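Colleague: I have a structure here, written as structure tokens, and I will follow up with some questions on it.
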Amino acid sequence: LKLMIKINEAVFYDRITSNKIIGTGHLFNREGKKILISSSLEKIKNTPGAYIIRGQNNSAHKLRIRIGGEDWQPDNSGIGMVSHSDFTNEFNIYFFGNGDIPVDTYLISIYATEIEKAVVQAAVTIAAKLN
């Protein structure tokens, strides 16, 4: 069982609304095994599979995210996100704040187990474009 990610390169001329996808995770070699999905990162108390990430430069900079997707449902424990199906390949990463995010690089940790294994990290850099 291995977990890959991908983080879409994008330019936002307008405040990024909540639940805009900002990347994807892909699964491999776990067929026929229930799957948890969460992270070692801070917890958005309000929502499962939703996390706060802190700025590498200045830790006051916060980036709120949410993992999930259409075959992915929250656990009542408020741990993470569980897909039962054995053909569930992909899952999404969502922004989950109201609007802009400070200019900084944020480290995003995600792991996946079998429920009753793997982890990953991708640097997510925010920069300002002056045109």
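Colleague: Name the pairs: first residue in the stretch 37-51 and over 18 Å from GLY69 (Cβ atoms), second residue of a type in the set (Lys, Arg), Cβ to Cβ under 8 Å, at least 6 apart or on different chains?
Modeller: What qualifies is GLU42/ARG54.
Colleague: Further question: Restricting the stretch 21-63 to residues that are exposed (fewer than 15 other Cβ atoms within 10 Å of the Cβ) and under 28 Å from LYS129 (Cα atoms), which is nearest to the chain's Cα centre (by Cα)?
Modeller: It comes out as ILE21.
Colleague: Looking at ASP100, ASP71, can you tell me which residue is acidic (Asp, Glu) and over 19 Å from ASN8 (Cα atoms)?
Modeller: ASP71
Colleague: Taking only pairs six or more apart or across chains, which ones have beta-carbon atoms under 9 Å, a first residue in the stretch 1-26 that is under 21 Å from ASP86 (Cα atoms), and a second residue that is aliphatic (A, V, I, L, M) and assigned to a loop (DSSP other than H, G, I, E, B)?
Modeller: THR24/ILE7
Colleague: Mind counting the residues in the stretch 55-87 that are hydroxyl-bearing (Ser, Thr, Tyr), within 18 Å of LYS33 (Cα to Cα) and out of contact with any strand residue (DSSP E or B) (no Cβ under 7 Å at 6 or more places or on another chain)?
Modeller: Here the count works out to 1.
Colleague: Looking at the stretch 90-102, can you tell me whether even one residue there is buried (at least 19 other Cβ atoms within 10 Å of the Cβ), over 30 Å from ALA127 (Cβ atoms) and under 15 Å from the mean Cα position of the chain (by Cα)?
Modeller: no
With ideal geometry, Cβ positions are generated from the backbone for all residues, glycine too; neighbour counts draw on all protein chains shown. No lab work stands behind these numbers, since they all come straight from the coordinates.
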